[PDB]
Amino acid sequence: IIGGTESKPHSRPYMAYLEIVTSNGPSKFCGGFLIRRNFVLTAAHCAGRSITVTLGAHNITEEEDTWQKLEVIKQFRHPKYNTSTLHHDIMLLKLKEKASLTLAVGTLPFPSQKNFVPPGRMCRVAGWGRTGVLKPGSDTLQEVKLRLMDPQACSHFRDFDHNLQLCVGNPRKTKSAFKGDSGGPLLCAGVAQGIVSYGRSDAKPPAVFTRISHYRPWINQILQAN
């Protein structure tokens, strides 16, 4: 998160910190969010050979009783995920067990409505990602208020599409999701409308988020059938 504030500890109890293992390099990290006691939503580009989820975290460098370190048994990438265009950049993680509900750990549900969100309004995103181009990931959960933009603001991302994705962050400001924030939810008036997907290497906003609304039928399908 660039240009944000430190979150009040445990104030976003659905937030998930993902450590992703690959066979041939060191760990990578993403965000995500708990939508059922045994399911986490994140970005498909955060897939790996294996993933460990930490719920209940604020400062990820300091173990505490709120932590739940949970095994992932299976990763379910959206079947239309494309690694070139990054369309359908969304994935469900099934946890080996159900998480414990605590003050610091709970789910974020969807409203029954599956409405399309138009541009104009302010939304919030949180994550442990980098705080600048040459800066490590934050030890503490950070968050930032960003402007939903009209889709033309993201035209320079030549594979951006308005019906699949949200365009997030006023280009006049430095405030933005960034590397390490992948998979984190964008909340607009307290409702999850998108997922951090990608942006510019130089961190100039806007960034591109996966629009959850398109995927609700998919999300329902995996949840009902697993």
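From 1 onward, residues are counted along the sequence shown.
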Notebook entry, point to check: Taking only the CA atoms, which stretch has the higher mean B-factor in the record, 62 to 70 or 184 to 192?
Noted result: 184 to 192
Next item on the list: Could you settle it for me: does 123 to 131 or 82 to 90 have the higher average Cα B factor in the PDB entry?
Entry: 82 to 90
Check: Whose CA atom has the top B-factor in the entry, of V208, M15, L18, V21?
Finding: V21
Notebook entry, point to check: For the listed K145, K98, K114, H156, which has the peak Cα B-factor recorded in the PDB entry?
Noted result: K114
Notebook entry, point to check: Sorting the chain's CA B-factors, does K179 end up in the lowest, middle or highest third?
Noted result: middle
Next item on the list: Taking the values exactly as deposited, rank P118 by C-alpha B-factor within its chain and report the matching third: lowest, middle or highest.
Entry: highest
Next item on the list: Sort the modelled residues of this chain by their C-alpha B factor and say whether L108 lands in the lowest, middle or highest third.
Entry: highest
Note to self: For the chain shown, is the CA B-factor of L164 in the lowest, middle or highest third of its modelled residues?
What the structure shows: highest
Checklist line | Third assignment of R36 from its chain's C-alpha B-factors | finding: middle
